[PDB]
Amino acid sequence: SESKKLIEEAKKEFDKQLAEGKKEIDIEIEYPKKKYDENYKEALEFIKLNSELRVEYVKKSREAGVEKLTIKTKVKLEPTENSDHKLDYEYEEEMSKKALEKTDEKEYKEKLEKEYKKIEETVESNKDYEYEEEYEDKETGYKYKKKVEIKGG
């Protein structure tokens, strides 16, 4: 699938930047601009793979000594003239070295998986769910912005 290929290219670029010894890694994975008609399950797979990929990102950045890691994920299935069905998802995460040090992998994986499960449940059920989220821990230098908008006609 296209989502799996995008995830593989992102993995390879992340590993290439790790091997080169970078202290500032900025990974941005954007699903191609498509319509909601046929791509909803593929977008759900894209979100699931990005969620599973951020957990590996955090470990491989902390062990490599990365000083600042930014992971950005974006999917936008736009509505057609016929329906109001739409699926917008944007998740940006910025972690400093202390942030990478203080991340509990278990709680992080649980949070990502619960968020994705709620997204999948809302998308499958044809329900409306819109939420924005901005978090900033200044002491540990952890920040994230998340915007999700799920509409079923």
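Just count from 1 along the sequence shown to find any residue number.
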Looking at the entry, does 92-100 or 32-40 show the higher mean C-alpha B-factor? 32-40
Entry-level comparison of average CA B-factors, 139-147 and 10-18, reporting the higher stretch: 10-18
Where the record places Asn50 (Cα B-factor, split into thirds across the chain): lowest
Please rank the C-alpha B-factors of the chain's modelled residues and tell me whether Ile27 sits in the lowest, middle or highest third. middle
Sorting the chain's modelled residues by C-alpha B-factor and splitting them into thirds places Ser125 in the middle
Could you tell me which third, lowest, middle or highest, the C-alpha B-factor of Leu87 occupies within its chain? lowest
What third of its chain's C-alpha B-factors does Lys111 belong to: lowest, middle or highest? lowest
